[PDB]
$ cat work.csv   # CSV, C-alpha atoms and all ligand atoms
chain,number,residue,atom,x,y,z
A,1,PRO,CA,-7.7,0.8,17.4
A,2,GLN,CA,-9.2,-1.9,15.1
A,3,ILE,CA,-10.4,-0.7,11.7
A,4,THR,CA,-12.1,-2.3,8.7
A,5,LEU,CA,-11.1,-1.4,5.2
A,6,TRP,CA,-14.3,0.0,3.7
A,7,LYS,CA,-12.8,3.4,3.9
A,8,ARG,CA,-9.1,4.4,3.0
A,9,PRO,CA,-7.3,3.9,6.3
A,10,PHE,CA,-6.1,7.5,7.0
A,11,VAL,CA,-4.7,8.4,10.4
A,12,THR,CA,-3.7,11.8,11.8
A,13,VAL,CA,0.0,12.1,12.7
A,14,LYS,CA,2.4,14.7,13.9
A,15,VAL,CA,5.7,14.3,12.0
A,16,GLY,CA,8.6,16.6,12.9
A,17,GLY,CA,6.1,19.0,14.6
A,18,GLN,CA,3.8,19.2,11.6
A,19,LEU,CA,0.2,17.8,11.5
A,20,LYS,CA,-0.6,15.6,8.5
A,21,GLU,CA,-2.9,12.8,7.4
A,22,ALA,CA,-1.4,9.6,6.0
A,23,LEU,CA,-2.6,6.2,4.9
A,24,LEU,CA,-1.6,3.1,7.1
A,25,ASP,CA,-0.2,1.2,4.1
A,26,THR,CA,0.8,-2.4,4.5
A,27,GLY,CA,2.1,-2.3,0.9
A,28,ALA,CA,4.7,0.4,1.7
A,29,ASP,CA,8.1,-0.5,3.2
A,30,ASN,CA,8.9,3.1,4.1
A,31,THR,CA,7.0,6.1,5.4
A,32,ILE,CA,6.8,9.0,3.0
A,33,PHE,CA,5.4,12.5,3.3
A,34,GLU,CA,5.1,15.5,0.9
A,35,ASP,CA,5.4,19.1,2.0
A,36,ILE,CA,7.1,18.8,5.3
A,37,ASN,CA,10.3,20.4,6.3
A,38,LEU,CA,12.7,18.5,8.5
A,39,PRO,CA,16.0,19.7,10.0
A,40,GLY,CA,19.5,18.5,9.6
A,41,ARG,CA,21.3,16.2,7.2
A,42,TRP,CA,19.6,13.8,4.8
A,43,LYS,CA,20.6,11.3,2.1
A,44,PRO,CA,19.2,11.0,-1.4
A,45,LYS,CA,17.1,8.0,-2.3
A,46,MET,CA,15.3,7.3,-5.5
A,47,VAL,CA,12.2,5.1,-4.7
A,48,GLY,CA,9.7,3.1,-6.9
A,49,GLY,CA,6.0,2.5,-7.1
A,50,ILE,CA,3.4,1.7,-9.6
A,51,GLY,CA,3.8,4.7,-11.8
A,52,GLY,CA,7.5,5.0,-11.9
A,53,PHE,CA,10.0,6.3,-9.3
A,54,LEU,CA,9.8,9.2,-6.8
A,55,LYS,CA,12.9,11.2,-5.8
A,56,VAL,CA,13.0,11.7,-2.0
A,57,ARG,CA,15.2,12.9,0.9
A,58,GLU,CA,15.8,10.3,3.6
A,59,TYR,CA,15.8,11.7,7.2
A,60,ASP,CA,16.8,9.4,10.1
A,61,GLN,CA,15.6,9.5,13.8
A,62,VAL,CA,12.5,11.7,13.0
A,63,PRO,CA,9.8,11.9,15.8
A,64,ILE,CA,6.4,10.6,14.6
A,65,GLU,CA,3.3,10.7,16.8
A,66,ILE,CA,0.8,8.1,15.7
A,67,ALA,CA,-2.1,6.2,17.3
A,68,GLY,CA,-1.2,7.3,20.8
A,69,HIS,CA,2.5,6.3,20.4
A,70,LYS,CA,5.6,8.3,19.9
A,71,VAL,CA,8.2,6.7,17.9
A,72,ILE,CA,11.4,7.7,16.2
A,73,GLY,CA,12.0,6.5,12.7
A,74,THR,CA,13.1,7.1,9.2
A,75,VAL,CA,11.0,9.4,7.1
A,76,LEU,CA,11.2,10.0,3.3
A,77,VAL,CA,10.2,13.4,2.0
A,78,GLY,CA,9.1,14.0,-1.5
A,79,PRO,CA,6.2,14.7,-3.8
A,80,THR,CA,4.0,11.6,-3.2
A,81,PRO,CA,0.3,12.0,-4.2
A,82,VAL,CA,-0.7,10.6,-0.8
A,83,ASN,CA,1.3,10.5,2.5
A,84,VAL,CA,1.9,6.9,3.6
A,85,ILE,CA,2.8,5.2,6.9
A,86,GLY,CA,4.9,2.2,6.0
A,87,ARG,CA,5.8,-1.0,7.7
A,88,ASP,CA,8.9,0.5,9.2
A,89,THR,CA,6.6,2.8,11.4
A,90,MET,CA,3.7,0.3,11.8
A,91,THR,CA,6.0,-2.4,13.2
A,92,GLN,CA,7.1,0.1,15.9
A,93,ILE,CA,3.4,0.3,17.1
A,94,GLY,CA,2.8,-3.5,16.9
A,95,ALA,CA,0.3,-3.3,14.0
A,96,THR,CA,-1.3,-6.5,12.7
A,97,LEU,CA,-3.5,-7.5,9.9
A,98,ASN,CA,-6.3,-10.0,10.4
A,99,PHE,CA,-7.7,-11.7,7.3
B,1,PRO,CA,-4.8,-15.6,9.8
B,2,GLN,CA,-3.3,-12.7,11.9
B,3,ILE,CA,0.1,-11.4,10.7
B,4,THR,CA,2.6,-8.9,11.9
B,5,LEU,CA,4.3,-6.5,9.4
B,6,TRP,CA,8.0,-7.4,9.9
B,7,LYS,CA,7.8,-9.4,6.6
B,8,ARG,CA,6.1,-7.9,3.4
B,9,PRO,CA,2.6,-9.3,3.7
B,10,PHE,CA,2.5,-11.6,0.6
B,11,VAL,CA,-0.3,-14.1,0.2
B,12,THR,CA,-0.7,-16.9,-2.4
B,13,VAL,CA,-3.8,-16.5,-4.5
B,14,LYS,CA,-5.5,-18.2,-7.5
B,15,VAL,CA,-6.9,-15.5,-9.8
B,16,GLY,CA,-8.7,-16.6,-13.0
B,17,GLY,CA,-7.2,-20.1,-12.6
B,18,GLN,CA,-3.6,-18.8,-12.3
B,19,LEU,CA,-1.4,-19.1,-9.1
B,20,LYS,CA,0.2,-15.8,-8.1
B,21,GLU,CA,1.7,-14.1,-5.0
B,22,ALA,CA,0.4,-10.7,-4.1
B,23,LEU,CA,1.0,-8.1,-1.5
B,24,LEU,CA,-2.0,-7.5,0.9
B,25,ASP,CA,-2.0,-3.7,0.5
B,26,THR,CA,-4.2,-1.5,2.7
B,27,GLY,CA,-2.9,1.5,0.6
B,28,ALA,CA,-4.4,0.0,-2.6
B,29,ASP,CA,-8.0,0.7,-3.5
B,30,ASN,CA,-8.0,-1.9,-6.3
B,31,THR,CA,-6.5,-5.3,-6.9
B,32,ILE,CA,-3.8,-5.4,-9.6
B,33,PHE,CA,-1.9,-8.2,-11.3
B,34,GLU,CA,0.8,-8.4,-14.0
B,35,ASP,CA,1.1,-11.3,-16.4
B,36,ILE,CA,-2.2,-13.0,-16.1
B,37,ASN,CA,-4.7,-13.5,-18.8
B,38,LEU,CA,-8.4,-13.2,-18.3
B,39,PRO,CA,-11.2,-13.9,-20.7
B,40,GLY,CA,-13.9,-11.7,-22.0
B,41,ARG,CA,-14.6,-8.0,-22.3
B,42,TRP,CA,-12.6,-5.4,-20.3
B,43,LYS,CA,-12.5,-1.6,-20.1
B,44,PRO,CA,-9.3,0.6,-20.3
B,45,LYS,CA,-8.3,2.4,-17.1
B,46,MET,CA,-5.3,4.5,-16.4
B,47,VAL,CA,-4.4,4.4,-12.6
B,48,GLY,CA,-1.9,6.4,-10.3
B,49,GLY,CA,0.7,5.6,-7.9
B,50,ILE,CA,4.0,6.9,-6.6
B,51,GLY,CA,6.0,8.1,-9.5
B,52,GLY,CA,3.2,8.2,-12.1
B,53,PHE,CA,0.5,6.1,-13.7
B,54,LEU,CA,0.0,2.5,-14.9
B,55,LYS,CA,-2.1,1.6,-17.9
B,56,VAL,CA,-4.4,-1.4,-17.1
B,57,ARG,CA,-7.3,-3.5,-18.3
B,58,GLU,CA,-10.3,-3.7,-15.9
B,59,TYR,CA,-12.1,-7.1,-15.7
B,60,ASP,CA,-15.3,-7.5,-13.6
B,61,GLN,CA,-16.5,-10.6,-11.9
B,62,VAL,CA,-13.1,-12.4,-11.8
B,63,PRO,CA,-12.6,-15.4,-9.4
B,64,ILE,CA,-10.1,-14.8,-6.7
B,65,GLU,CA,-9.3,-17.5,-4.1
B,66,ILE,CA,-7.6,-15.9,-1.2
B,67,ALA,CA,-7.1,-16.9,2.5
B,68,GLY,CA,-9.5,-19.8,2.3
B,69,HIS,CA,-12.3,-17.7,0.7
B,70,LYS,CA,-13.5,-17.6,-2.8
B,71,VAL,CA,-14.6,-14.2,-3.9
B,72,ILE,CA,-15.6,-12.7,-7.2
B,73,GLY,CA,-14.3,-9.2,-7.8
B,74,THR,CA,-12.8,-6.6,-10.1
B,75,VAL,CA,-9.2,-7.2,-11.2
B,76,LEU,CA,-7.0,-4.8,-13.0
B,77,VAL,CA,-4.3,-6.3,-15.2
B,78,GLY,CA,-1.2,-4.4,-16.2
B,79,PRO,CA,2.6,-4.2,-15.7
B,80,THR,CA,2.8,-3.4,-11.9
B,81,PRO,CA,6.2,-4.2,-10.3
B,82,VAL,CA,4.3,-6.1,-7.5
B,83,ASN,CA,0.9,-7.7,-7.6
B,84,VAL,CA,-1.4,-6.1,-5.0
B,85,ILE,CA,-4.6,-7.2,-3.2
B,86,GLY,CA,-6.5,-4.0,-2.6
B,87,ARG,CA,-9.3,-3.0,-0.3
B,88,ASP,CA,-11.9,-4.0,-2.9
B,89,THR,CA,-10.9,-7.7,-2.3
B,90,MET,CA,-9.9,-7.4,1.4
B,91,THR,CA,-13.3,-6.0,2.4
B,92,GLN,CA,-14.9,-9.2,0.9
B,93,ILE,CA,-12.9,-11.4,3.4
B,94,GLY,CA,-13.6,-9.1,6.4
B,95,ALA,CA,-9.9,-8.0,6.8
B,96,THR,CA,-9.1,-5.6,9.6
B,97,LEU,CA,-6.0,-3.6,10.7
B,98,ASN,CA,-5.1,-3.5,14.4
B,99,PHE,CA,-2.8,-0.6,15.5
A,101,LIG,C1,2.4,-0.3,-5.2
A,101,LIG,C2,3.0,-0.8,-3.8
A,101,LIG,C3,3.8,-2.0,-4.0
A,101,LIG,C4,3.9,0.3,-3.1
A,101,LIG,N1,3.2,1.6,-2.8
A,101,LIG,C5,2.3,1.5,-1.6
A,101,LIG,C6,0.9,1.4,-2.1
A,101,LIG,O1,0.0,1.1,-1.0
A,101,LIG,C7,0.3,2.7,-2.8
A,101,LIG,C8,0.0,3.8,-1.9
A,101,LIG,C9,-0.5,5.0,-2.7
A,101,LIG,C10,-1.8,5.3,-2.7
A,101,LIG,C11,-2.3,6.3,-3.6
A,101,LIG,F1,-3.6,6.6,-3.6
A,101,LIG,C12,-1.4,7.0,-4.4
A,101,LIG,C13,-0.1,6.8,-4.2
A,101,LIG,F2,0.8,7.5,-5.0
A,101,LIG,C14,0.4,5.8,-3.5
A,101,LIG,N2,-0.9,2.3,-3.5
A,101,LIG,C15,-1.1,2.6,-4.8
A,101,LIG,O2,-0.2,2.9,-5.6
A,101,LIG,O3,-2.4,2.4,-5.2
A,101,LIG,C16,-2.7,2.8,-6.5
A,101,LIG,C17,-3.3,1.6,-7.3
A,101,LIG,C18,-4.2,0.7,-6.5
A,101,LIG,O4,-5.6,1.0,-6.6
A,101,LIG,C19,-5.9,2.4,-6.5
A,101,LIG,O5,-5.6,2.8,-5.1
A,101,LIG,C20,-4.7,3.9,-5.1
A,101,LIG,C21,-3.9,3.8,-6.4
A,101,LIG,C22,-5.0,3.3,-7.4
A,101,LIG,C23,-4.2,2.4,-8.3
A,101,LIG,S1,4.1,2.9,-3.0
A,101,LIG,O6,3.2,4.0,-2.6
A,101,LIG,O7,4.5,2.9,-4.4
A,101,LIG,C24,5.5,2.9,-2.0
A,101,LIG,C25,5.4,3.3,-0.7
A,101,LIG,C26,6.5,3.1,0.2
A,101,LIG,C27,7.7,2.6,-0.3
A,101,LIG,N3,8.8,2.4,0.5
A,101,LIG,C28,9.8,1.8,-0.3
A,101,LIG,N4,11.0,1.5,0.2
A,101,LIG,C29,12.2,1.9,-0.4
A,101,LIG,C30,12.7,1.2,-1.6
A,101,LIG,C31,13.4,1.0,-0.2
A,101,LIG,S2,9.3,1.5,-2.0
A,101,LIG,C32,7.8,2.2,-1.6
A,101,LIG,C33,6.7,2.3,-2.5
A,102,Y,Y,23.7,4.9,5.2
A,103,Y,Y,19.3,6.1,6.7
A,104,Y,Y,17.9,3.6,5.5
A,105,Y,Y,-16.0,-2.2,-13.9
A,106,Y,Y,0.8,-7.0,-17.6
$ encode --input "work.csv" --output "structure tokens"
Amino acid sequence: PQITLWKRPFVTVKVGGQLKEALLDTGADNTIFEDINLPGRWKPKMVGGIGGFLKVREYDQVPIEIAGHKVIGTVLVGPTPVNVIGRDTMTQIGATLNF
Amino acid sequence: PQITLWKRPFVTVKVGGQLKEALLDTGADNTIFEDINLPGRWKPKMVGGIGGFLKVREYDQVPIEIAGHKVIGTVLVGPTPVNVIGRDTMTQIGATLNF
């Protein structure tokens, strides 16, 4: 799809089998969800934003269904106020910004 | 322009007469800069991100030159790690996301 930016750019995704909404966020390097459970091993990462840092678990090779595509990618899980789709996922679906 | 998202999407802007780089951020409602000074009255806001909140000053009717356009908009000023161009500025230049 093509969207304007008058509304927050939420999309519906399926991440590790769970249905979530998340913001298509060109300012986010990484993709981050709250309140999902993913199987297997993970690594700690502390990660930073405008208000400070967020502690997360980093999972590799997580299936994400987004915008008609299925991709496998890294997902961070931790208590973000808003779930975000970052550039690491958006590059996999060829997303572009016109301005 | 049209850009992919392999690179962080920085653009060069002139905001209140000062040259800055800022991330074109579809996850940001508002436009925020650190280390600029703007004239006149402002109102306190506190604003939220990942990891917490940022204290800012809100200025209205600020000049922003961006992507060959000159727009007037609201600018928040405070100690963000990265300057961001939010949807409040990007809508004024007709920006779209293609995914
Ligand atoms: C600030 C940016 C530079 C980074 N972020 C993305 C922004 O788009 C956020 C998205 C968001 C929107 C929200 F609504 C609430 C939120 F909690 C978060 N926007 C924002 O904070 O917006 C604010 C301000 C702008 O105006 C208004 O709009 C909403 C509010 C409000 C005030 S991030 O989330 O911190 C982030 C994401 C992934 C990531 N991956 C990483 N990689 C690892 C180190 C290797 S570091 C890293 C950092
Ligand atoms: Y590693
Ligand atoms: Y990893
Ligand atoms: Y990694
Ligand atoms: Y205002
Ligand atoms: Y500042």
$ residues_around --input "work.csv" --residues "residue 70 in chain B" --least-positions-apart "5" --cutoff "10 Å" --atoms "all atoms listed in the file" --output "list in words"
residues 13, 14, 15, 63, 64, 65, 92 and 93 of chain B
$ residues_near_ligand --input "work.csv" --ligand "ligand Y 104 (chain A)" --cutoff "12 Å" --atoms "all atoms listed in the file" --output "ChimeraX atom specification"
/A:29-31,42-47,57-61,73-76,88
$ closest_atom_pairs --input "work.csv" --of "chain B" --to "chain A" --cutoff "10 Å" --atoms "all atoms listed in the file" --output "CSV"
residue,atom,partner,partner_atom,distance
B:1,CA,A:99,CA,5.5
B:2,CA,A:98,CA,4.3
B:3,CA,A:97,CA,5.4
B:4,CA,A:96,CA,4.6
B:5,CA,A:91,CA,5.8
B:6,CA,A:91,CA,6.3
B:7,CA,A:87,CA,8.7
B:8,CA,A:27,CA,7.3
B:9,CA,A:26,CA,7.2
B:10,CA,A:27,CA,9.3
B:22,CA,A:27,CA,9.9
B:23,CA,A:27,CA,6.4
B:24,CA,A:27,CA,6.6
B:25,CA,A:27,CA,4.4
B:26,CA,A:25,CA,5.0
B:27,CA,A:25,CA,4.4
B:28,CA,A:27,CA,7.7
B:29,CA,A:8,CA,7.6
B:47,CA,A:51,CA,8.2
B:48,CA,A:51,CA,6.1
B:49,CA,A:50,CA,5.0
B:50,CA,A:49,CA,4.9
B:51,CA,A:52,CA,4.2
B:52,CA,A:51,CA,3.6
B:53,CA,A:51,CA,4.1
B:54,CA,A:51,CA,5.4
B:55,CA,A:51,CA,9.0
B:66,CA,A:99,CA,9.5
B:67,CA,A:99,CA,7.1
B:68,CA,A:99,CA,9.7
B:79,CA,A:50,CA,8.5
B:80,CA,A:50,CA,5.6
B:81,CA,A:50,CA,6.6
B:82,CA,A:50,CA,8.1
B:83,CA,A:50,CA,9.9
B:84,CA,A:27,CA,7.8
B:85,CA,A:27,CA,9.3
B:86,CA,A:5,CA,9.4
B:87,CA,A:5,CA,6.0
B:88,CA,A:6,CA,8.1
B:89,CA,A:5,CA,9.8
B:90,CA,A:5,CA,7.2
B:91,CA,A:5,CA,5.8
B:92,CA,A:6,CA,9.6
B:93,CA,A:99,CA,6.5
B:94,CA,A:99,CA,6.5
B:95,CA,A:99,CA,4.3
B:96,CA,A:4,CA,4.5
B:97,CA,A:97,CA,4.7
B:98,CA,A:2,CA,4.5
B:99,CA,A:95,CA,4.4
$ atom_distance --input "work.csv" --atom1 "atom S2 of ligand LIG 101 (chain A)" --atom2 "CA of residue 32 in chain A"
9.4 Å
$ calpha_fit_and_write --input "work.csv" --fixed "chain A" --moving "chain B" --output "CSV table (one decimal) with C-alpha atoms, in the frame of the given file"
chain,number,residue,atom,x,y,z
B,1,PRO,CA,-7.7,0.9,17.4
B,2,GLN,CA,-9.1,-1.9,15.1
B,3,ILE,CA,-10.4,-0.7,11.7
B,4,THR,CA,-12.2,-2.3,8.8
B,5,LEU,CA,-11.1,-1.4,5.2
B,6,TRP,CA,-14.3,0.0,3.7
B,7,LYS,CA,-12.8,3.6,4.2
B,8,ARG,CA,-9.2,4.4,3.1
B,9,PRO,CA,-7.3,3.9,6.3
B,10,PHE,CA,-6.1,7.5,7.0
B,11,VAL,CA,-4.6,8.4,10.4
B,12,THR,CA,-3.7,11.8,11.8
B,13,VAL,CA,-0.1,12.1,12.7
B,14,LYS,CA,2.4,14.7,14.0
B,15,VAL,CA,5.7,14.3,12.1
B,16,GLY,CA,8.6,16.6,12.9
B,17,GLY,CA,6.1,19.0,14.7
B,18,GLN,CA,3.8,19.2,11.6
B,19,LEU,CA,0.2,17.8,11.6
B,20,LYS,CA,-0.5,15.6,8.6
B,21,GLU,CA,-2.9,12.8,7.5
B,22,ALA,CA,-1.4,9.6,6.1
B,23,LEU,CA,-2.6,6.4,4.7
B,24,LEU,CA,-1.7,3.3,6.9
B,25,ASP,CA,-0.2,1.3,4.0
B,26,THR,CA,0.8,-2.4,4.5
B,27,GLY,CA,2.1,-2.3,0.9
B,28,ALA,CA,4.7,0.4,1.8
B,29,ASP,CA,8.0,-0.5,3.2
B,30,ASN,CA,8.9,3.1,4.1
B,31,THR,CA,7.0,6.1,5.5
B,32,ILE,CA,6.7,9.0,3.0
B,33,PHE,CA,5.5,12.5,3.3
B,34,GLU,CA,5.1,15.5,0.9
B,35,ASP,CA,5.4,19.1,2.0
B,36,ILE,CA,7.0,18.8,5.4
B,37,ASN,CA,10.3,20.3,6.3
B,38,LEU,CA,12.8,18.5,8.5
B,39,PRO,CA,16.0,19.7,10.0
B,40,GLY,CA,19.5,18.4,9.6
B,41,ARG,CA,21.4,16.2,7.2
B,42,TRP,CA,19.6,13.8,4.8
B,43,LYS,CA,20.6,11.4,2.1
B,44,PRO,CA,19.2,11.2,-1.5
B,45,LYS,CA,17.1,8.1,-2.4
B,46,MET,CA,15.2,7.3,-5.5
B,47,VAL,CA,12.2,5.0,-4.7
B,48,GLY,CA,9.7,2.9,-6.9
B,49,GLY,CA,6.1,2.5,-7.1
B,50,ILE,CA,3.3,1.9,-9.6
B,51,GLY,CA,4.0,3.9,-12.7
B,52,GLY,CA,7.7,4.8,-11.9
B,53,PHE,CA,9.9,6.3,-9.3
B,54,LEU,CA,9.8,9.2,-6.8
B,55,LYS,CA,12.8,11.3,-5.8
B,56,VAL,CA,13.0,11.7,-2.0
B,57,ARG,CA,15.2,12.9,0.9
B,58,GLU,CA,15.8,10.3,3.6
B,59,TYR,CA,15.9,11.7,7.3
B,60,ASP,CA,16.8,9.3,10.2
B,61,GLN,CA,15.6,9.6,13.7
B,62,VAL,CA,12.5,11.8,13.0
B,63,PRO,CA,9.6,12.0,15.6
B,64,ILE,CA,6.4,10.5,14.6
B,65,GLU,CA,3.3,10.6,16.9
B,66,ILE,CA,0.9,8.1,15.7
B,67,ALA,CA,-2.1,6.2,17.3
B,68,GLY,CA,-1.2,7.3,20.8
B,69,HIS,CA,2.5,6.2,20.5
B,70,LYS,CA,5.5,8.3,20.0
B,71,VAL,CA,8.1,6.7,17.8
B,72,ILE,CA,11.4,7.8,16.2
B,73,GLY,CA,11.9,6.5,12.7
B,74,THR,CA,13.1,7.1,9.2
B,75,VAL,CA,11.0,9.4,7.1
B,76,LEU,CA,11.3,10.0,3.4
B,77,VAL,CA,10.2,13.4,2.1
B,78,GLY,CA,9.2,14.0,-1.5
B,79,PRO,CA,6.2,14.8,-3.8
B,80,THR,CA,4.0,11.6,-3.2
B,81,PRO,CA,0.3,12.0,-4.2
B,82,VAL,CA,-0.6,10.6,-0.7
B,83,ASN,CA,1.3,10.5,2.5
B,84,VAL,CA,1.9,6.9,3.6
B,85,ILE,CA,2.8,5.2,6.9
B,86,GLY,CA,4.9,2.2,6.0
B,87,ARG,CA,5.8,-1.0,7.7
B,88,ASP,CA,8.9,0.6,9.1
B,89,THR,CA,6.6,2.8,11.4
B,90,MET,CA,3.8,0.3,11.8
B,91,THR,CA,6.1,-2.4,13.2
B,92,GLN,CA,7.1,0.1,16.0
B,93,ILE,CA,3.4,0.3,17.2
B,94,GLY,CA,2.8,-3.5,16.9
B,95,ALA,CA,0.3,-3.3,14.0
B,96,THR,CA,-1.2,-6.5,12.7
B,97,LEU,CA,-3.5,-7.5,9.8
B,98,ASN,CA,-6.3,-9.9,10.4
B,99,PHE,CA,-7.7,-11.7,7.2
$ atom_distance --input "work.csv" --atom1 "atom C2 of ligand LIG 101 (chain A)" --atom2 "CA of residue 38 in chain B"
22.2 Å
$ closest_atom_pairs --input "work.csv" --of "chain B" --to "ligand Y 106 (chain A)" --cutoff "6 Å" --atoms "all atoms listed in the file" --output "tab-separated table"
residue	atom	partner	partner_atom	distance
B:34	CA	A:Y106	Y	3.9
B:35	CA	A:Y106	Y	4.5
B:77	CA	A:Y106	Y	5.7
B:78	CA	A:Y106	Y	3.6
B:79	CA	A:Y106	Y	3.8
$ atom_distance --input "work.csv" --atom1 "CA of residue 36 in chain B" --atom2 "CA of residue 18 in chain B"
7.1 Å
$ decode --input "work.csv" --residues "range 79-97 of chain A" --atoms "N, CA and C atoms" --output "short mmCIF file (atom, residue, chain, number, x, y, z; two decimals), in the first residue's frame"
data_model
loop_
_atom_site.label_atom_id
_atom_site.label_comp_id
_atom_site.auth_asym_id
_atom_site.auth_seq_id
_atom_site.Cartn_x
_atom_site.Cartn_y
_atom_site.Cartn_z
N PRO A 79 8.79 -3.71 27.41
CA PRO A 79 7.58 -2.92 27.75
C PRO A 79 7.49 -1.56 27.07
N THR A 80 7.62 -1.52 25.74
CA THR A 80 7.45 -0.29 24.96
C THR A 80 5.99 0.15 25.08
N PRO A 81 5.76 1.48 25.10
CA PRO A 81 4.39 2.02 25.12
C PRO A 81 3.60 1.72 23.84
N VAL A 82 4.36 1.57 22.72
CA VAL A 82 3.76 1.36 21.40
C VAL A 82 4.64 0.32 20.70
N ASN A 83 4.02 -0.67 20.05
CA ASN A 83 4.82 -1.62 19.27
C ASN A 83 5.30 -0.91 18.01
N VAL A 84 6.53 -1.18 17.58
CA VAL A 84 7.09 -0.51 16.42
C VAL A 84 7.69 -1.51 15.44
N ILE A 85 7.42 -1.27 14.16
CA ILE A 85 8.09 -1.97 13.06
C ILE A 85 9.23 -1.08 12.62
N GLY A 86 10.45 -1.55 12.78
CA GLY A 86 11.63 -0.76 12.44
C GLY A 86 12.14 -1.00 11.04
N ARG A 87 13.25 -0.32 10.74
CA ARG A 87 13.84 -0.44 9.40
C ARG A 87 14.35 -1.84 9.10
N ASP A 88 14.75 -2.59 10.11
CA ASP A 88 15.19 -3.95 9.87
C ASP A 88 14.07 -4.80 9.27
N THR A 89 12.80 -4.61 9.62
CA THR A 89 11.69 -5.30 9.00
C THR A 89 11.24 -4.59 7.71
N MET A 90 11.20 -3.24 7.75
CA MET A 90 10.65 -2.54 6.58
C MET A 90 11.55 -2.72 5.33
N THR A 91 12.87 -2.81 5.51
CA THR A 91 13.75 -3.05 4.34
C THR A 91 13.42 -4.40 3.71
N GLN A 92 12.98 -5.39 4.48
CA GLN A 92 12.69 -6.71 3.96
C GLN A 92 11.46 -6.68 3.09
N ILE A 93 10.59 -5.66 3.19
CA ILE A 93 9.39 -5.57 2.35
C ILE A 93 9.53 -4.43 1.34
N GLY A 94 10.75 -3.85 1.21
CA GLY A 94 11.05 -2.87 0.17
C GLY A 94 10.39 -1.52 0.41
N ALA A 95 10.14 -1.18 1.66
CA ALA A 95 9.41 0.07 1.94
C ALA A 95 10.24 1.29 1.57
N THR A 96 9.55 2.34 1.10
CA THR A 96 10.20 3.58 0.73
C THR A 96 9.39 4.73 1.34
N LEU A 97 10.07 5.86 1.49
CA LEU A 97 9.43 7.11 1.86
C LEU A 97 9.59 8.09 0.71
#
